[PDB]
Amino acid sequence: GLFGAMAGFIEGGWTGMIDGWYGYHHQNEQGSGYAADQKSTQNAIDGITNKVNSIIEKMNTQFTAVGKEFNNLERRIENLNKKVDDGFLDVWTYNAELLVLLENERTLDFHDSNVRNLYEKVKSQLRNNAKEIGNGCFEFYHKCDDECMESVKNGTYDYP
């Protein structure tokens, strides 16, 4: 996306990973599988949750009765009332429409950014001990069992 990770250098999503938004997939002599990164997923949720709340919570509305009723000799103020109604309903239409469009772009980037920081979080630990295959994958130059796979997930990968 804006951070090249999503539908970018990691062009596909994992139907297999079902416990989180961003995460890992390993493959070693012992077996394979997915494991969502719980921290970045939780934090992402808290943020998206908080974000939706703001967009909803910040919308203040008082008790109002929109309709008016004007007689045939009050066309001018009736049209003024109209101008007000069309006016606000034009402001809220353009605003809501763009607030979503703009915030949607921001949420996808956000996710993309989270993936890129994760992939980068790992590239950091592995350094020399793995080779990068341009697909969001790392191939250890050594053997990495489940404990070792775990270590990198919980950010504690040894001498690199």
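Residue numbers here begin at 1 and follow the sequence given.
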Inset, instruction - Could you check the entry and say whether 109 to 117 or 57 to 65 has the higher mean CA B-factor? - result: 57 to 65
Inset, instruction - Going by the average Cα B-factor in the PDB entry, point out whether 127 to 135 or 95 to 103 comes out higher. - result: 127 to 135
Inset, instruction - Consider only the C-alpha atoms of the modelled residues in this chain, order them by B-factor as the entry records it, and name the third containing residue 32: lowest, middle or highest. - result: highest
Inset, instruction - Compare the C-alpha B factor of residue 42 with those of the other modelled residues in its chain, then answer lowest, middle or highest third. - result: middle
Inset, instruction - Grab the CA temperature factor for residue 4 from the record and place it in the lowest, middle or highest third of its chain. - result: lowest
